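The primary structure of each chain is shown beneath.
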Amino acid sequence: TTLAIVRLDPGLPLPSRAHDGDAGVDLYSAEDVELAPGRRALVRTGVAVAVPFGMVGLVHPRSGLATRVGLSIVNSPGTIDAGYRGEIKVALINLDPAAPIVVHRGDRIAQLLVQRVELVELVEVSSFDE
Amino acid sequence: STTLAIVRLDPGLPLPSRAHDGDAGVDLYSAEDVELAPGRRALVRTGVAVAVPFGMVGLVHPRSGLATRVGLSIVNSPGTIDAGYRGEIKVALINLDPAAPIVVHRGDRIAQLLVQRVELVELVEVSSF
Amino acid sequence: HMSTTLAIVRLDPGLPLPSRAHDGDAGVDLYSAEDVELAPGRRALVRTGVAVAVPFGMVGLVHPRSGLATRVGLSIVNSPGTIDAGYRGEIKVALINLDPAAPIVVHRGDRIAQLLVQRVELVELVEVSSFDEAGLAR
Ligand SMILES: O=c1ccn([C@H]2C[C@H](O)[C@@H](COP(=O)(O)OP(=O)(O)OP(=O)(O)O)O2)c(=O)[nH]1
Ligand SMILES: O=c1ccn([C@H]2C[C@H](O)[C@@H](COP(=O)(O)OP(=O)(O)OP(=O)(O)O)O2)c(=O)[nH]1
Ligand SMILES: O=c1ccn([C@H]2C[C@H](O)[C@@H](COP(=O)(O)OP(=O)(O)OP(=O)(O)O)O2)c(=O)[nH]1
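Deposited coordinates in this entry are attributed by the record to X-ray crystallography, at a stated resolution of 2.10 Å.

What follows is the structure, encoded as C-alpha cells:
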C-alpha cells in the first residue's frame, strides 16, 4: 500500500520506516515546547496524510521516551481517519511527577502506523443468542 | 460489509454511528453524569453491549478533542473487547489535567469503538533466537 | 481464523508460558518477572521474561489489563506498546501508577499486560506537493 503525504513543514525530514518490517514511521515535532510535570500540549508534526479508505492511521508513543522521561500521548492510540486531510497533531503529556520534558523541533515524538479497519455496519438486536 | 450486532441496554441513548464514511470508529455515549476531579478516574457505562465476531477484536479509543481540551483519557487505552464478551461496554475515564475538573453528562460522546481483525496466533516455545 | 504461530522464548523459565485464556481472546497475558512497588504517579520498566518473533507483515501490541486499570489505576505509559517484527529482545512493560494515593505492589508471576498480534500495512510513503494537486482534497 502507498500513503500520500504532504510535508506542510518542508524543514523537517520525510517520516521514514527505520528497519524493514517496523510497524511505524516516526513523526517529527515542528516545534520547540517544554512540558512541565503533568502538563500537556498539542504538537504539530508538519505533515498531513491520506489514509486509504478501509484503513486507519494510528499514532503511538515512542517506548524509549516513555520510560526515560514519562512522555505519553493523552488520546493514545491517536486515530487518523481515512477522510482526514488536516495536519497530524500529537497530544503529548508529561506523566513524570517532577521533571520537565524538553521537546525540540526536529525530534521524533511519535510513530504512525497504518492498518486495515473493519467498517462495520451496526445492526441493533433485542438480545444476543445463548 | 461486516455487521456488528449491538444491544442498547440503555434504550434512551442514540445508537452509536459512524460520523463519516471511512471513519475508523463509532462514538460511544455516556449513560451517566460523572464529575472527575483532577487525577481521578471512573468506570462509566455506555448503555451498549456488542458481539465482536470471532477472528476480530473491539478497541475502545479516546476522542482526540476532549483529550487535548480537557485532558480526558482512558486508563486502559486501547480498551480490548474480546469476541467472547457480551456484557456492557464500560469506559475507564480519567482526568489527566492537573487543576480543572471534568464534567461528563449522559448523552455526551466519551470514546470511540473500532473493530479490527486480530491474529489468533498459536504460541510455540522455542530454545532461542 | 487459521493463523500462524508465534515463536516465543522464556528468558525466565520460572514463569508460565503466556496463553490465550479463551479461544477468540485478542491477547495472551504477559507476566512480571519482578517484584516492584509503584508509588502514586511513579512508573517502572518491568521485565516479562519473554521474547517473541512477530512475523514480517505483523506487529505485536502491548495493551493494559482492564481489571487492574479499574481496581488500582495501573496503566502503560507507551500504550499500546509496539513490538516490531524484527525485535528479538525481551518484552518490557512501562507500568505507571495513575492513582493519586495508593501504591501498587506488583509481584513476580502476576499478569501485568496482554499481547495482541495484528497485520500492519507496511506503507510506502509518496510525497505529494499538495492533496489538491494530487487529486486527494471531511
Ligand atoms: O511496550 C514495549 C514497546 C516496545 N518494546 C520494544 C519493542 C520494539 O521493537 C522496540 C522499540 O519500540 P519504539 O519504536 O516504540 O521505541 P523507540 O523509543 O522508538 O526505540 P527504538 O529506537 O528501539 O525504536 O522496543 C517493548 O519491549 N515493550
Ligand atoms: O492523535 C491524533 C488523533 C486525531 N487527529 C485528527 C485526525 C482525525 O481524523 C481527527 C478526529 O480525531 P477523533 O475522531 O479522535 O476526535 P473527535 O474528538 O472524535 O473529533 P471528530 O468530531 O472530528 O471525530 O483529528 C490527529 O491529528 N492526531
Ligand atoms: O475498555 C474496555 C475494555 C474491556 N471491556 C470488557 C471487554 C473484555 O472482553 C472484558 C475483559 O474482562 P476481563 O475481566 O477478562 O479483563 P482482564 O482479564 O482483567 O483483562 P483484559 O480485559 O485486558 O483481558 O471487559 C470493556 O467493557 N471496556
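Back to the write-up after that little detour.
Draft legend 1. Region of interest: the overall build of chain B. The helix and strand tally for chain B stands at one helix and eleven strands. Starting at the N terminus, the α and β elements of chain B follow one another as β-β-β-β-β-α-β-β-β-β-β-β. Based on the C-alpha atoms only, the size of chain B along its principal axes is roughly 50 × 40 × 25 Å. Out of the 129 residues in chain B, the part that is buried amounts to 57%. Within chain B, contacts between residues separated by at least 24 positions form 71% of all contacts whose residues are at least 6 apart in sequence. When the accessible surface of chain B is summed, it comes to about 5,200 Å², and 48% of that surface belongs to carbon and sulfur atoms. Across chain B, 12 positive and 14 negative side-chain charges occur, with their mean positions spaced 5 Å apart.

Draft legend 2. Main features of the sheet that holds strand 1 (residues 2–7) of chain A. On the basis of which strands lie adjacent, the open sheet formed by three strands has the order 5(A)-1(A)-12(C) and mixed pairing. Since the sheet does not close on itself, it has two edges, and those belong to strand 5 (47–50) of chain A together with strand 12 (124–127) of chain C, each with one partner. On average, each strand axis in the sheet is inclined to that of its neighbour by 35 degrees, with strand direction left out of account. For strand 1 of chain A and strand 12 of chain C, the ladder comprises four bridges, and the chain directions are parallel. Of the residues in strand 12 of chain C, the one forming a bridge with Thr2 of chain A is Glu124 of chain C.

Draft legend 3. Molecular detail of the sheet that holds strand 4 (residues 40–44) of chain A. All names here are of chain A. Here we have three strands laid out as an open sheet, ordered 4-9-7, and antiparallel in their pairing. Sheet topology places strand 4 and strand 7 (71–73) at the edges, where each strand pairs with a single neighbour. Strand-to-strand, the axes of this sheet are offset by a mean angle of 35 degrees, without reference to chain direction. Where strand 4 and strand 9 (residues 89–94) come together, five bridges link them in antiparallel fashion. Paired with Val43 across the two strands is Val90, which belongs to strand 9.

Draft legend 4. Region of the structure containing the interface of chain C and chain B. Contacts between the two partners involve 44 residues from chain C, matched on the other side by 34 residues from chain B. Those elements giving two or more residues to the side of chain C that touches chain B turn out to be strand 1 (5–10), strand 5 (50–53), strand 6 (58–63), helix 1 (66–72), strand 7 (74–76) and strand 11 (111–119) of chain C. At six residues, the largest contribution of residues to the side of chain C that touches chain B is made by strand 1 of chain C. Looking at side-chain class alone, the side of chain C that touches chain B contains 20 nonpolar, 14 polar and ten charged residues. Pairing analysis gives four bridges linking strand 11 (residues 122–125) of chain B to strand 1 of chain C, with the strands arranged parallel. Each residue of the ladder has a partner; that of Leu123 of chain B, found in strand 1 of chain C, is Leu6 of chain C.

Draft legend 5. A look at the interface of chain A and chain B. Across the contact, 31 residues belong to chain A and 43 residues belong to chain B. With both chains or domains summed, chain A and chain B bury close to 3,000 Å², and 58% of this area falls on carbon and sulfur atoms. In terms of surface lost to chain B, no three residues of chain A exceed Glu118, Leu122 and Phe128 of chain A, which account for 23% of the buried area on that side. Linking chain A with chain B are three salt bridges, by the criterion used here. Of the charged contacts, one joins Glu124 of chain A and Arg8 of chain B as a salt bridge, the two residues approaching to 2.9 Å between their closest N and O atoms. Our enumeration of links across chain A and chain B arrives at 19 residue pairs in polar contact. Those elements giving two or more residues to the side of chain A that touches chain B turn out to be strand 4, strand 6 (55–60), strand 8 (78–81), strand 9, strand 11 (108–116) and strand 12 (121–124) of chain A. Broken down by class, the residue content of the side of chain A that touches chain B amounts to 17 nonpolar, seven polar and seven charged.

Criteria and thresholds
- Residues numbered from 1 in each chain as written, not as in the entry; some residues may be left out.
- Chains lettered and ligands numbered in written order.
- Heavy atoms only, no water.
- Residues with missing side-chain atoms left out of burial classes, pairs and counts.
- Helix = DSSP H or I, 4+ residues; strand = E, 2+ residues; numbered from the N terminus.
- Buried < 20%, exposed > 50% of the residue type's maximum accessible area, 1.4 Å probe, protein only.
- Contact = heavy atoms within 4.5 Å.
- Areas by Shrake-Rupley, 256 points an atom, 1.4 Å probe, with all protein chains shown as cover.
- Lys, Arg positive; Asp, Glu negative; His and termini not counted.
- Charge placed at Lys NZ, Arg CZ, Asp CG, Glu CD.
- Pairing = 2+ DSSP bridges.
- Axes fitted to C-alpha atoms, helices over the stretch in contact; angles between N-to-C directions.
- Nonpolar A, V, L, I, M, F, W, Y, C, P; charged D, E, K, R; others polar.
- Buried area = accessible area lost by both parts, 1.4 Å probe.
- Salt bridge = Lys/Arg side-chain N within 4 Å of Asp/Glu carboxyl O.
- Polar contact = N/O pair within 3.5 Å; in protein donor to acceptor, adjacent residues only side chain to side chain.

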